[PDB]
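>>> so I pulled this structure from the PDB, and the sequence comes with it:
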Amino acid sequence: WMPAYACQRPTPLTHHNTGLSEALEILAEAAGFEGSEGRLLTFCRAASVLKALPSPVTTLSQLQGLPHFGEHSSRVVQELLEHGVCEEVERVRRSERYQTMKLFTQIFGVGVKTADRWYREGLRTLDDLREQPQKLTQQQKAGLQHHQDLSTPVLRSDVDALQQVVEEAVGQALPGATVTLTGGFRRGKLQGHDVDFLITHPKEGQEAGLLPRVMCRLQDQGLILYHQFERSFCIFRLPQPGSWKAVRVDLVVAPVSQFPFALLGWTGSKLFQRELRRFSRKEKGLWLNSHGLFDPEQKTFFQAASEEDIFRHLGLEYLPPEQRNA
DNA sequence: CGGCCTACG
DNA sequence: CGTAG
DNA sequence: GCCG
Ligand SMILES: [Cl-]
Ligand SMILES: [Mg+2]
Ligand SMILES: [Mg+2]
Ligand code: NA
């Protein structure tokens, strides 16, 4: 009744198993901090299955036959059903390793490998990192300076104001170019921790060279607190009553021939896209990325004019963005 | 057992 | 190494 | 950690 890949089922943003999924996601996150990508994937997939169920799990019986529920994930759910807490989850939550790796990897410019090295060196707090700035890249310095603002979610209201400023710069850089909101906000989130925009132009080729022209214009408007092509990972100044705050914004350019693939990829969720690419390759023998869908036997790229085309190519029922919250 | 998404900066 | 979803 |  429940298919094995997340791209085969609808997953809404809000659901009926929030506490269970959150606990499994703690274990997934902790597996990532230890470099166990396989365990991370299993716990993420198990959490996602619960998000896709039509009602709450109330009894252990109800996990029988669900994909990605084995001894370990079932025990976690069992303990939550019986006691309201899972001892393993709570031990992770309180652990110095989990808490420090979570804090450090939240910094823009710091991944698991850097966080782990700092942890092994004995560093534990952001102020520890600030006291050794020669150990930091320019990107990490910006991430550390702006960390407090970047830790506070932005609202859809904020997103709409940002989009107008990006559109103004894009229109000067290339008249006729368009700006599409992607990421979690396109999946229906009312808040989120960064904003993603996808930029194209209806005449194939006209988008070449566009992103530098857009960045220069936003920089000259004083809106860019940090930037480093077709992807730009920025920190922008967002107005606030009587002041402003830093916000992470990603800007991506695609040619219109690739736009449906880029839209699909950048709309996420992350798990949904990994699952969709896995399904494409393993079940259909086709290779998917944010630029296209390749048949390696015929050595040809599928043309798509819409996300609907891509789901059809892959033999999957169409899911709107709001149902891609795997 | 092998596999676990696939890119760009 | 970082970033993205 | 789980699936095929
Ligand atoms: Cl693993
Ligand atoms: Mg996002
Ligand atoms: Mg983003
Ligand atoms: Na980070």
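Alright, I've got the coordinates. Residues are numbered from 1 along each chain as shown, chains lettered A, B, ... in the order given. Ligands and ions are numbered 1, 2, ... in the order given.
>>> any idea how far the one residue sitting closest to the centre of chain A is from ligand 1?
Nearest to the mean C-alpha position of chain A, by Cα atoms, centre = their mean, lies residue A:270 at 4.7 Å. Distance of residue A:270 to ligand 1, computed by Cβ to the ion, to the nearest Å: 17 Å. Backbone N, C-alpha and C define where each C-beta goes, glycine included.
>>> gap between that residue and residue A:124?
According to Cβ to Cβ, to the nearest Å, residue A:270 and residue A:124 sit 28 Å apart.
>>> how about residue A:57?
Distance, residue A:57 to residue A:124, by Cβ to Cβ: 37 Å.
>>> same deal with residue A:310?
According to Cβ to Cβ, residue A:310 stands 45 Å off from residue A:124.
>>> give me the more crowded residue out of those two.
Using other Cβ atoms under 10 Å, the more surrounded residue of residue A:310 and residue A:124 is residue A:310, with 22 against 15.
>>> ignoring the adjacent residues along the chain, who's closest to the more buried one?
Of all residues not flanking residue A:310 in the chain, residue A:304 sits nearest, at 5.0 Å (Cβ to Cβ, 6 or more residues apart in numbering).
>>> with residue A:76 instead?
Residue A:76 sits nearest to residue A:86 (Cβ to Cβ, 6+ apart), 4.9 Å away.
>>> quick check: domain ranges of chain A?
Chain A breaks down into these domains under curated CATH domains: A:1-95, A:96-152, A:153-256, A:257-325.
>>> switch those domains over to TSV; also include distance to ligand 2.
Putting the domains of chain A into TSV (distance: least, Cβ to the ion, whole Å) gives the following:
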stretch	distance to ligand 2
domain A:1-95	14
domain A:96-152	12
domain A:153-256	3
domain A:257-325	7
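>>> which residue does chain A have closest to DNA strand B?
Nearest residue of chain A to DNA strand B (Cβ to the nearest atom of the strand) works out as residue A:38 at 2.9 Å.
>>> mind listing what's buried along the helix or strand hosting that residue?
Following DSSP states H and E, one finds residue A:38 within helix A:37-52. In terms of neighbour count (16 or more other Cβ atoms under 10 Å), helix A:37-52 has its buried residues at A:39-52.
>>> also stretch A:277-288?
A:277, A:279, A:280, A:286, A:288.
>>> let me know the closest of the residues you listed to DNA strand D.
Distance to DNA strand D, by Cβ to the nearest atom of the strand, is smallest for residue A:279 among these, at 11.1 Å.
>>> what about the strands in the stretch 201-326 of chain A?
Secondary structure of the stretch 201-326 of chain A, counting by DSSP state E, counting those that start in this stretch: strands at A:224-226, A:231-240, A:243-253, A:287-288, A:293-295, A:300-301.
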